[PDB]
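Asker: sequence and experimental coordinates follow.
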Amino acid sequence: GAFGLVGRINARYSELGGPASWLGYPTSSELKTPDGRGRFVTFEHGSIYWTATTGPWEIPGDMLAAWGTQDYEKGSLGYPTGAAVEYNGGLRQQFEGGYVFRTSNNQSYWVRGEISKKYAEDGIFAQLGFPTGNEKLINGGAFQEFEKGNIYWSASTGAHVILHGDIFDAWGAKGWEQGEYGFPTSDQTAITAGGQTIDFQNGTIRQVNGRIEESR
């Protein structure tokens, strides 16, 4: 099928090597987005989106589908603001409202808002690995699951990291964030001699010499 492209999207397609690129051939001419702000073009293996203020960016098909689960540009992620680039054996792509990932296990998930901001801090990926799902809204705020732990957020507590393991399980036995401890107020932090510690709204849990210690 023959298609002739225009403006900054055609520009970006050319920059990627046109049909020789991973996108393959166009499967549409330039289309308007629902919200009357953007333009896009579909290709065999993904799409390019554009706004006057974000510029033209290709999104691979799997990450395009994942972006779709919160309704693409109409969702809080908004428009892509950069390319999908190699990231820890996967891809990371920045959006106005967060990030979309190809994971190293060839799955695709998004991160958004305050949880995105925490996940993007240096050292946090090393602690968590890839997302294993999208954000979940809960009573009091939100949380998200990653390979090696979770991030929890409430407006009062901010976004904080807790790892899988005995401290997480001890909090779980008391109903995690809905229970008497409430939300994590600190990131789980290593201490000397192998220990771990984290603060919650209404107490602290420590692991030292492989023993759990609790305060309320």
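Answerer: Perfect, thanks for sending it. Numbers count the residues shown, from 1 in each chain.

Asker: wait, residue 151 sits on residue 161?
Answerer: Yes: between residue 151 and residue 161 there is a contact under C-beta atoms under 8 Å: 5.7 Å. (C-beta placed from N, C-alpha, C; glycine too.)

Asker: hey, what's in contact with both of those two?
Answerer: Here residue 151 and residue 161 share the contacting residues 118, 128, scored by C-beta atoms under 8 Å, 6 or more residues apart in numbering.

Asker: list the contacts of the lengthiest helix in the chain.
Answerer: In the chain, assigned by DSSP state H, the helix with the most residues is helix 7-16. Outside helix 7-16, the residues within contact range by C-beta under 8 Å, 6+ apart are 5, 21-23, 26, 30, 39-41, 43, 48, 50, 55-58.

Asker: can you list the buried residues in it?
Answerer: 9-10, 12-13 (16 or more other C-beta atoms under 10 Å).

Asker: whichever of the contacts of helix 7-16 end up buried, select them in ChimeraX.
Answerer: Buried subset of those, written as a ChimeraX selection, criterion 16+ other C-beta under 10 Å:
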select :5,21,23,26,30,39,40,41,43,48,50,55,56,57,58
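
Asker: please flag which of the contacts of helix 7-16 sit within strands.
Answerer: Under the assignment DSSP state E, the contacts of helix 7-16 contribute 39-41, 43, 48, 50, 57-58 to strands.

Asker: ok, back up a step: ok, so of the contacts of helix 7-16, who is nearest residue 212?
Answerer: residue 57 (46.5 Å; C-beta to C-beta).

Asker: report the beta-bridge partners for the closest one.
Answerer: Counting by DSSP bridges, residue 57 is bridged to residue 49.

Asker: any idea how far residue 88 is from it?
Answerer: Look at residue 57 and residue 88: by C-beta to C-beta, to the nearest Å, they are 21 Å apart.

Asker: cool, and residue 206?
Answerer: Counting by C-beta to C-beta, the gap from residue 206 to residue 88 is 30 Å.

Asker: tell me the contacts of the closest residue to residue 141 other than its chain neighbours?
Answerer: Take residue 141 and drop its neighbours on the chain: the residue closest to it by C-beta to C-beta, 6 or more residues apart in numbering is residue 154, 3.5 Å away. Residues near residue 154 by C-beta under 8 Å, 6+ apart: 140-141, 177, 183.
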